[PDB]
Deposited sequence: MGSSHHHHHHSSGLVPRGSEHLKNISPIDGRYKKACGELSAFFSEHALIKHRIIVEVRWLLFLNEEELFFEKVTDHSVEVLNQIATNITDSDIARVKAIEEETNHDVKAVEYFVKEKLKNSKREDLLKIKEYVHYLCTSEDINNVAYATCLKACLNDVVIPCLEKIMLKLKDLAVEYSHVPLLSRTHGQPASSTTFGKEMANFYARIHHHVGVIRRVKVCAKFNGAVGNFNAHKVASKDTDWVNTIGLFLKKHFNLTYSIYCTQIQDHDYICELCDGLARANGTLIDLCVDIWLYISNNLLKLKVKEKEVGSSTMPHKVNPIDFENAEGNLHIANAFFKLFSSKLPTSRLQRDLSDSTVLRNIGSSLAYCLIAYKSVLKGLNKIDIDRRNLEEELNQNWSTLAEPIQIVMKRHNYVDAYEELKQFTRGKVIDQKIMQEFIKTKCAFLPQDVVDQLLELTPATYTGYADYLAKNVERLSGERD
């Protein structure tokens, strides 16, 4: 463990260990056994090449796929050239059953298949289960926290910064709502991607299948196989390999989600740096650093490096295939582990956040110049011309503060109805927040 080179299987092992069920040699051997068994179960239920075995013999066949133990995986690696060992393992387990039924049909293990028929279905089921069971729910945990923050702090005023400089006020809940909205959108796009598989023999064309059974409609038959036994979409058109385009789509989608989370990580770092948030060191006893957000920032960038690699190399495979796709594909697990490490750090980070009210309100009260616009807007509503230049002229050579802005209102805007004058004099930076509070508390509803 301590001698492991990859931080995935080294220091971050506990944070990402649940991925081993979907992505690892163990997981891969396991799902290949399942595919070979279900292919044989399917050939039996279709009776393409033999008559159906007894109800008990199917049960014994099915059991090879359902009870997969560490010793079963150990026996496959002992035979290992990758999927041929799996083929050998299934045949052996059918031979050691001593049922004449299964000893006859043993020879139909891997019948018609290329090794990529088995692998692509195994990868597809692993990727689909991983995303739906582990990765997307983790992202959805982040959205939930962002929603709760959006509602809880919907009203809490916060000085905006554009180009780093003070601007019209917002609320902390609103700024968190914007991230909810972005991630809500990315998650929807990702779950609309259909995980696809094929099962078309050596070269994609059912060459072998046509000679073996000339009147079988193999397009409909494989469609059935993939839907019934794996709940997968069938991509009919392929070479020796599945095109991988769906993996590219998913990874593009997760990479956009990750870019939003990088934006979030940096903004929170910035709010914490500005002393507007607090978190619930070797030298300074009260120094508290946003390390969860920093650690996530780095791991999201790494995840995305893998994602950019996938969508750039996966689309190219020379002719009816080159093998370089398969070493790359072996890294989907790593890519999603970096995602998972980062997502867990964002969550740890978000759960430590509290507002610093006194600091939020002090800053707003030191930035009265952000009332420049609503004063100009009101002046223009009552037919004032060159409102900006008037404020500019009045403040020339002055350090704009509350007294200056309110003196501007009293003397330069007195032509306004006095009710309107009084409304402007009631305005403060903290109180000029538009529909920020409305928009933050309704983010889920307004999706």
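The deposited sequence has C-alpha coordinates everywhere except the stretches 1 to 20, 101 to 104, 305 to 311, 479 to 482.
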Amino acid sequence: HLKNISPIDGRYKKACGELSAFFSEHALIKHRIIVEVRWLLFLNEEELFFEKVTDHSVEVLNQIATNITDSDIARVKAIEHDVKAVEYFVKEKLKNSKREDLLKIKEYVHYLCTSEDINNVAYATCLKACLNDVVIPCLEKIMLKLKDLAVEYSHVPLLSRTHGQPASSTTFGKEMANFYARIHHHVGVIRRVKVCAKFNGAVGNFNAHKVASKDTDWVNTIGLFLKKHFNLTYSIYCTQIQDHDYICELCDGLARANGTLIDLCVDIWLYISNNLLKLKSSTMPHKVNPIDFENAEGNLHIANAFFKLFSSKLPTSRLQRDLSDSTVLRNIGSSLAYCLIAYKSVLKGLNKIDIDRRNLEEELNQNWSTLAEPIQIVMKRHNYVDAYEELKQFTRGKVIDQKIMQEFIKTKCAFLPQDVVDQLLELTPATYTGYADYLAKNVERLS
From here on, numbers count along this sequence of modelled residues.
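Here the stretch with the larger average CA B-factor, out of 94 to 102 and 235 to 243, is 94 to 102. Here 106 to 114 and 172 to 180 are compared by their mean Cα B-factor, and 106 to 114 comes out higher.
Remark: of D322, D148, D292, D72, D72 shows the highest value [criterion: C-alpha B-factor in the PDB entry]. Which of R318, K313, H81, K198 has the largest Cα B-factor in the deposited entry comes down to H81.
Among the modelled residues of its chain, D263 has a C-alpha B-factor that falls in the lowest third according to the deposited record. When the CA B factors of the chain's modelled residues are split into thirds, the value for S282 lands in the highest one. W269: CA B factor in the lowest third of modelled residues in this chain (values from the PDB entry).
Residue-level temperature factors show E363 in the middle third of its chain, judged at the C-alpha atom. The entry lists a Cα temperature factor for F206 that places it in the lowest third of the chain's modelled residues.
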